[PDB]
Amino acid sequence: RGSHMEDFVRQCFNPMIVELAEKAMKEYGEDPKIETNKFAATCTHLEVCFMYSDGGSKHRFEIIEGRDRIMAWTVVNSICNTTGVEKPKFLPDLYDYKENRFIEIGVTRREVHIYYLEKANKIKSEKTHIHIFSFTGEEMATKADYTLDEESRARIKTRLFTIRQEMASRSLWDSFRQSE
């Protein structure tokens, strides 16, 4: 295919993130060489989920994103069967052992307002906490409970805007923006 977006994704993100995103897309019938915008988004979503899990105390989070579908659901079942929390219909991204709730992390190129609306209406488990990040430095969380402290969330916002700058410097941002 020879996409410019593909070579930028491989130099922007670390090899473990790229490998997990490639495996995730292929598992769902998506090709990272063609759907290069989806390739960038899944890497971005993966890195955001991992910085998020690094922001709290040790042992605080259980990472669901980044596993295969079967093993991700297996850990969800164990979390539900040991904490009594209701089983979510869709795969979440983390579990907060402190607040005892699942977290769905979103990363959007639109307003954080409209994307949360889509995710809140998509998921039926109203117990699942939602936390949205934008590429412009905005965020929005369920009940205005942002889970982490200010500095951990600020790192994610800074990293997101750096990716945007790197994309625009290569004339790839406009195609990435009008693709969500």
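Residue indices: 1-based, along the sequence shown.
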Would you tell me which stretch averages the higher CA B-factor in the PDB entry, 55 to 63 or 113 to 121? 113 to 121
Higher of the two mean Cα B-factors (125 to 133, 35 to 43; per PDB record) comes from 125 to 133
Would you please rank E30 by its C-alpha temperature factor against the other modelled residues of its chain and give the third it falls in: lowest, middle or highest? highest
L94's Cα B-factor: lowest, middle or highest third of the chain? lowest
Which third of the chain does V85 land in by C-alpha B-factor: lowest, middle or highest? highest
